[PDB]
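Contents: one structure, followed by commentary.
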Amino acid sequence: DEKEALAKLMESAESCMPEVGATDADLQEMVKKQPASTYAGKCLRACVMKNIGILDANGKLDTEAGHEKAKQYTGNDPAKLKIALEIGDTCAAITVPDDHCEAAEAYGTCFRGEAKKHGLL
């Protein structure tokens, strides 16, 4: 069901692509959970996160409504889901830039980092 979570993210990312002029290469970096190698890809990620609501209108992480948010990353599984919740609390504390595109990617770095540490990768 984590698979299905990634599938939802990609649909969202597909509808976000034209408004930040992102490319298929940018989309592929996302599915593969890599850093964004372009600014548009960072903005693509901001657009997705904002649609999830994990990133708010002032470009800061919003961890309220925990389950609804974290399940968009890991699916419904309890052990996984719990870890994502903890990753949210960890990463909501980092310092990020005022630029929302760059802020989304600094959060994404934290997400991936913690996910590797906790075995979600």
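The numbers used for chain A are those of Swiss-Prot, and the residues that appear cover 23-143, in sequence.
Recorded method for this deposit: X-ray crystallography, 2.0 Å.
Positions of Cβ are set from backbone N, Cα and C atoms, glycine also.
Cross-referencing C65, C69 with Swiss-Prot gives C69 as the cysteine bonded to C38, criterion being a recorded disulfide. Bond annotation: of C113, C123, only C123 is listed by Swiss-Prot as forming a disulfide with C65. Among the disulfide-bonded residues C38, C113, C132, the ones whose Cα sits within 10 Å of the Cα of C65 (disulfide bond) are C38. Among the disulfide-bonded residues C113, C123, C132, the residue whose Cα lies closest in space to that of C69 (disulfide bond) is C123. Every protein chain considered, the tally of other Cβ atoms within 10 Å of the Cβ of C113 (disulfide bond) stands at 21.
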